[PDB]
Amino acid sequence: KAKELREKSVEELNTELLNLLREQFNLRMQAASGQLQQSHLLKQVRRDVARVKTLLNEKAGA
RNA sequence: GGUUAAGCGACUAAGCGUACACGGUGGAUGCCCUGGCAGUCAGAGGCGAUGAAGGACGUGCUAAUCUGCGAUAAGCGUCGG
């Protein structure tokens, strides 16, 4: 996914980041409620957030 | 054969002893090595304010401990195998 995400800019990657944070919250609410079933989506979204933050820190200037 | 008298007198085991058979307990002996000990031949001889040694807390689909890791948290990018 990093190859696709490198095309995006600092804005439109922050938007992506915030959207994955919203999705992570919603998955957390379903999971904690005990009505998620697909328990593996939490690993998927967390690693996606880590990827977006890595690309942000790369494009910051360092 | 009957009665009496005299003499002698086996068989008892509440428990115990010894022998043998079979058991219980217990964890020696034998065999074993993912642990150690002593060295040889090579390395390396340091880490730390770019925050160490060592820790607390946390981190999973996780209830706990160990291992790894640090709010990007059993992990993120890139390059090779």
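Proteins come first, then strands; the chains are lettered A, B, ... in the order of their sequence lines, and each starts at number 1.
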Stacking of B/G48 on B/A49, centroid gap under 5.5 Å, tilt under 30°:
no

Please classify the glycosidic conformation of B/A74 as syn (within 90° of 0) or anti (everything else).
syn

Distance, rounded to the nearest Å, where A/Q24 contributes CD and B/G75 contributes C1':
14 Å

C1'-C2'-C3'-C4' for B/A13: north (positive) or south (negative)?
south

Beyond-backbone contact of A/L13 with A/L56, side-chain heavy atoms, under 4.5 angstrom:
yes

How would the sugar of B/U25 be described, north or south, if a positive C1'-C2'-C3'-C4' means north and a negative one means south?
north

Consecutive-base stack B/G60 to B/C61 per 5.5 Å / 30° rule
no

Between B/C76 atom P and A/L13 atom CG, what is the distance in whole Å?
18 Å

Anti or syn - B/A28, cut at 90° from 0:
anti

Does one hydrophobic cluster hold both A/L36 and A/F25, with members joined at side-chain heavy-atom distances below 4.5 Å?
no

Could you tell me how far B/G48 sits from B/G35 if I compare only their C1' atoms? Round to whole Å.
35 Å

Closest listed nucleotide, where the reference is the side chain of A/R6 and the choices are B/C61, B/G77, B/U72
B/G77

Using OP1 and OP2 only, check whether a side-chain N or O of A/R51 sits under 4.0 Å from B/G77.
yes

Consecutive bases B/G45, B/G46 stacked per 5.5 Å and 30° rule
no

d(CD, A/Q38; P, B/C61) in whole Å
14 Å

If you define the side chain from C-beta out and look only at heavy atoms, does anything of A/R22 sit under 4.5 Å from A/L18?
yes

How many angstroms lie between atom CD of A/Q30 and atom CD of A/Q38, to the nearest 0.5 angstrom?
10.0 Å

Find the partner of B/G46: check Watson-Crick (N1-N3 plus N6-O4 or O6-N4) and G-U wobble (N1-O2, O6-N3) distances, both under 3.5 Å, and reply none if neither fits.
none

Do A/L20 and A/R46 make a side-chain contact, defined as non-hydrogen atoms from C-beta onward lying under 4.5 Å apart?
no

Is the glycosidic angle of B/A49 within 90° of 0, making it syn, or outside that range, making it anti?
syn

For B/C57 and B/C61, measure between their P atoms and round to the nearest Å.
22 Å

Any non-hydrogen side-chain atom of A/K53 less than 4.5 Å from a side-chain atom of A/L17?
yes

Hey, which of these two, A/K53 or A/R47, hits RNA chain B nearer its 5' end, going by closest nucleotide?
A/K53

Taking only the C1' atom of each, what is the distance from B/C76 to B/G70 in whole angstrom?
12 Å

Under a 3.5 Å limit on both distances, do B/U59 and B/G68 form a Watson-Crick or G-U wobble pair?
yes

Distance, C1' atom - from B/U29 to B/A13, rounded to whole angstrom:
42 Å

Can you tell me how far P of B/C76 sits from CG of A/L5, to the nearest Å?
14 Å

Does B/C69 pair with B/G58, Watson-Crick or G-U wobble, where both distances are under 3.5 Å?
yes

Using whole Å, what does the distance between atom P of nucleotide B/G60 and atom CD of A/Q44 come to?
16 Å

Pairwise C1' distance, B/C37 and B/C33 [rounded to whole Å]:
16 Å

Provide the distance between the two P atoms, one in B/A74 and one in B/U59, to the nearest whole Å.
11 Å

P-based separation of B/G60 from B/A71 [nearest Å]
13 Å

B/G60: pucker by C1'-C2'-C3'-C4' torsion sign, positive meaning north and negative south, is south

Could you tell me how far B/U67 sits from B/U62 if I compare only their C1' atoms? Round to whole Å.
16 Å

Distance check: side-chain N/O of A/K43 vs OP1/OP2 of B/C61, anything under 4.0 Å?
yes

Hey, quick one: are A/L41 and A/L21 part of the same hydrophobic cluster, counting side-chain heavy atoms closer than 4.5 Å, chains of contacts allowed?
yes

At under 4.0 Å, does any side-chain N or O of A/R28 touch on OP1 or OP2 of B/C61?
no

Can you check the A/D48 CG to B/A73 P distance for me, whole Å?
11 Å

Separation of B/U62 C1' from A/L36 CG (nearest whole Å):
15 Å

Find out whether A/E23 and A/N19 are in side-chain contact, i.e. whether some heavy atom of one side chain is under 4.5 Å from a heavy atom of the other.
no

Assign B/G70 to north (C3'-endo side) or south (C2'-endo side) according to its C1'-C2'-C3'-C4' torsion.
south

Upstream residue (5' side of RNA chain B) when A/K1 and A/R46 are each assigned their closest nucleotide
A/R46

Consecutive bases B/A64, B/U65 stacked per 5.5 Å and 30° rule
yes

Please report the sugar pucker of B/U34 as north or south based on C1'-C2'-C3'-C4'.
south

Verify stacking: B/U25 then B/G26, 5.5 Å distance, 30° angle limits:
yes

Rounded distance in Å - CG (A/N14) to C1' (B/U72):
14 Å

